[PDB]
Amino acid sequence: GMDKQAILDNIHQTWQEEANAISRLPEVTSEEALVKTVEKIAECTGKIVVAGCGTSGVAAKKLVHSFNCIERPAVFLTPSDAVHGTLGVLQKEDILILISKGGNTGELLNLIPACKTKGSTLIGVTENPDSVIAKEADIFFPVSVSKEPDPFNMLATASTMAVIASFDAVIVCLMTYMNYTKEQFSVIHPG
């Protein structure tokens, strides 16, 4: 079993590796993609539609929340509903963001034909430049981590955190870019 010191040591390692993942973001992201993503979102006259499965889905919901907080309308597209009609939420003026670590997640690949038919901008958020999501995207948004803290290297905790951080930076940058105001914030944050 695990005593107090073993628990805390284990915990300290997970934190070190998660901080490392974020601090290393310039080494795993694309400067061009970061700039193009900021400009494209600032200029968007529609909404941001974000899809992901499991932990990528949670990251997706984080993007959706924070984009709405800065007056960039955004919605979560649930893949199991998307292919049964909720793809109707996606429109021509929108930006579809697909979050998949490996870039070949079947549930998201099923959404690409509709995106192409509708004319939406596709932003592929993945570690794999050879994946369908990276290749089909209008903006390939590379993001990855060199080390995952879980004993199997299967939970994708640092990966998830790296995606959230990437978009946190985009969203914080947009507040300056679009001259976002406290007045606008108060309208949508009354409590």
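Sequential numbering from 1, following the sequence displayed.
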- Of 54-62 vs 131-139, the stretch with the larger average CA B-factor in the entry is 131-139
- Task: Decide which of the stretches 151-159 and 63-71 has the higher mean C-alpha B-factor, going by the entry.
- Result: 151-159
- Query: When the modelled residues of the chain are sorted by Cα temperature factor, does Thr176 land in the lowest, middle or highest third?
  - Reply: highest
- Task: Determine, from the deposited record, the chain-internal third of the Cα B-factor for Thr126: lowest, middle or highest.
- Result: middle
- Message: Splitting the chain's C-alpha B-factors into thirds, which one does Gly88 fall into?
- Response: lowest
- Item | Chain third (lowest, middle, highest) by recorded CA B-factor, residue given as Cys44 | highest
- Tell me, lowest, middle or highest third: where does the Cα B factor of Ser100 rank within its chain? middle
